[PDB]
Every structure is written in structure tokens, then in C-alpha cells.
């Protein structure tokens, strides 16, 4: 009876240390989100009826650790004490599983649960369920919606069983909690009933500062690392994930020890990720094959909107044991012994970077001649707007492909990994230009084009993309000054210009920053002198 709970907590106490974070930090953040989540809130009535709880948010970002800590707390019987037994279901394992009964599907983890099917299954109000990586299942919406059933003994495909459980067609008195990416939220709200939805944010500014202090161990170095990260707004927002915090800490610590200047690295997040990739992998030869396979797997996962690898597909494709081992030693992909045979990427940003790099690599005919079949599209397919609507991940992939178009990054990557780059992929960017000169574009479209050009950090590409503009209209906040100033410095065919600088939400405090803003607006106001056909101007609101 209690032996299973004892085993569960014994196993939990080890996986509790398998992901970057200090015990006190994880406890603090778990208590915060306990204050947030009603299902475990100290001051929410635990009424005896079914609950369906959904946790959603960007990749990684702590939700899985929250679920694990809540299950461990249940095992310790330190809160509520309403459920006699509980189970944890891994969608990554179930994805490769074939048709089965629901009872055996949930029992397969425990060698001896099949001996008490009636009592264990009937007591629906005494059982708590946890599900992780729902979006990684790979099931179709129709399979999840169709052919429901009211009995566990029925043998059906895994999507049917999971949809029936979520749809509350069976075991109506049980409680369920899931964590997944936002794209699964729509399916769950269409599929489930009696739901409660909660969002996860991650590390706050004080959490980041404390993490830097603990990692570096020195006040001055910790503050230097923290302020270096604060320099980049996009990276700072991307730093909500503790995995990103660990990457930043490792990169900055290594650069400081080696004597490298960190500000240019922190200027662009593509540079930070490339530096991390360069530093992490060991030395050797013929790394090209390993990097190519990694990039292929990343692209295949991104197209299917997944971030997990399975041994079945790897073996059918023919991956080398050494390549998988090398990936593991570098912490690039991590395995959980609870789901042995399954692997996950370090973070989704790294996966998008690797997909953009995949598209950046020169393509060999040997892979094409192979009998294996892939659903990989082409570069223009990724750049097409319809696919952007279909797959949101491609806009970030577009950003990172724009960033990887830099020549210095390409040379560094070729030198460190031995890969080869093709110029046609770069011509694909000009073939579309993310055309914006026309009137069908929005303000956000122009802002995004400016952001991509700023991320490129290459003068010729920005010059060639900005020459198409005969008229320009810019709406500027304090954040939007830098990229607009960089890009607008290059346009020399405009004839008319409109400006709107929005009001920011203590004048000495603002002067302390105007002393820094001086060059930026100096560049932006040089357009009149440089150009020779700007007859008209307007400054509105």
C-alpha cells in the first residue's frame, strides 16, 4: 500500500536535483506559484468533486518542476491530504505506445497494479493524475475527439483513451493536472470540461540577481554579469527561463575567465547562443556529421511542433551511438530516467537556432538519395506568411536565420565545427525581403523588419533591403530607438518622412539616460543631410 508511495518519493528526491536551480530557489518559486494556483492554494476549499487544471507557458520555464514538486509534496502528505494514491503519466512514453486498454496503459509502470483492477479503478475519487508534455504526444485532434468510451477495459488507440479521460467520459470523480505549450490550450478547452487555467512566468529580476550571486559567488562579478544581461532587452525577457539563466551565467563566466569582452556578445542573442554552442561542444574532428544530424532532428521536431527525440525514430534513421553520447555530455539534450529512451532539447530557442542553422548549411545529395522520407520544407516555405500563420515558431526561426546571415558568425561557426555555408540560402532572403514598402503592410511589420535587419548586424543587407523605400513612417518608443536609428541611417531613396515619438511613462533620472541617448538621435537626425530628395517632413503627436 504505502510501499509504492515510499518508492515514489525515494525516486523523486533524485530527479529533484537534475535541472539548474538551488533547493531554496525552487522552494521559493514553488511556494509563490502555490499562492497563485488554487488547486494547491493554502486558502482554497478542497471540495470533493473533479478538478481539471491546466498549466501553460513558453518552453521550459519551470512548470514541469512545479508539477514534480507538487507530486512530491503529496507523497510527503504535507498539504490537503485528500487523495490516497496518485500516478504520473509521461506523454513522451505514451506517444510510441500502441493500442492498449486504459487500465494497462496507466498500470504498465507498476509491475503489480494489475492484481487489483476492480478496487483501484472503481475508487475514482481517491486518485490524482498528472500529465506532462501533452503537446509532445503527436496525436491528431480528430483522434482525440472521436470514438469516446465509458469503460477502462476497452482496448483502443492511445489518442482515443487520452481523449476519453480528458473528456471525462470515464472515472468522472478523479482529479487531473497537466502542463503543456500554449498551442494545446485551444485543444484542451475544446475537449475538456470543468477547467481552471493558470499561467507560469518564471524568474523575476530579484531571482535572476540571486542566481547570479550564487553562481559567481562574488558581489562584484555577480553584479557585472547581471548588468551585462540587462543590457539586451530581448535577451533579458528571454532570461525568464532558468535554462537561459544557466546558459548566460556559463557563457559570461567563461568569457570573464578567458578575458573576452562580454558586451559585444550580449549585444545580440544570436551571438550569445552561437558562443554557447562553440564553448559547450568538445574538441575533435568530423563534427560536421554530428552537427548536421542535430540540425536535421531540430528541424524535424520544429516542423511537427515538438522538442523531444525518441530512440525508435533515431534507430530507424540510423544515428550513431557516439553522436547521441556527445550530445548528452554537452547538456545540449537531456534524458530523464523516468522515461528512458526519450530525450529533450535544452530549450526551444536553441532548437530554433539549430533549425535556422540547418537551413543555413549546404545540402548534400547523399541524404536526398537515401530512402528515408522527411516532411522538411524549403527556405521559402518557411518564409511564406501562410506557414507563419500555420506554425508560429517560424517567425523566431526567421529572426534567427536573419541573424545567422552575418558573415562573422558564419566564419566562426565554420572554423569551430568545420561546416560549410551556401550563398544561395542568403539570396533567398533577398528573393522575399519581407517586402514592406507597399501599403498593405502594418506598423508592426515594419518594426519586425527593422528588428530583423538590426539582428543581422550586416551593413550591405540592410542597405539593399532599405533602398526600396520611397516613403517612411516611424513610431518610436525608447526601446525602438536603437534599431530604427541603425536601419534608417542607410536608406537614401526616401522622399517623405513622418515621425511620432510616444510619451514615456524625475528629470535628473532621465538626464542620466539622455547622456546615453545622445548618439542614437544624432544618427537618426542625420537623414536630412545625407539624402538629397527628402522634400517633405511631418512630425505628428
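Neighbour counts are summed over all protein chains in view; Cβ atoms, including those assigned to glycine, are modelled from backbone coordinates with ideal geometry. Throughout, read-outs are computed from the coordinates displayed, never taken from laboratory work.
Would you compute, from DSSP H runs of 4+ residues alone, the mean residue ellipticity of the chain at 222 nm, taking -39500 (n - 2.57) per run and dividing by the full residue count, rounded to the nearest 500?
After summing the helix terms and dividing by residue count, I get -16000 deg cm²/dmol.
Contact order normalised by length for the range 324-389, with contacts defined as Cα pairs under 8 Å and 6 or more residues apart; what percent is it?
Contact order relative to length: 15 percent.
Given contacts defined as C-alpha pairs under 8 Å and at least six residues apart, what's the relative contact order of the range 257-406, whole-number percent?
About 26 percent, as a whole number.
Could you rank the peptides 447-457, 151-161 by their average count of other C-beta atoms within 10 Å per residue, with the highest value first?
Packing order, densest peptide first, comes out as 447-457, 151-161.
Tell me, 268, 251, 64 in order of fewest to most beta-carbon neighbours within 10 Å?
In increasing order of surrounding Cβ atoms, one gets 64, 268, 251.
How large is Rg/Rh for the chain, to two decimals, with Cα atoms and a Kirkwood Rh?
Rounded to two decimals, Rg over Rh is 1.00.
Do you know the relative contact order of the range 93-222, to the nearest whole percent, from alpha carbon pairs under 8 angstrom that are 6+ apart?
28
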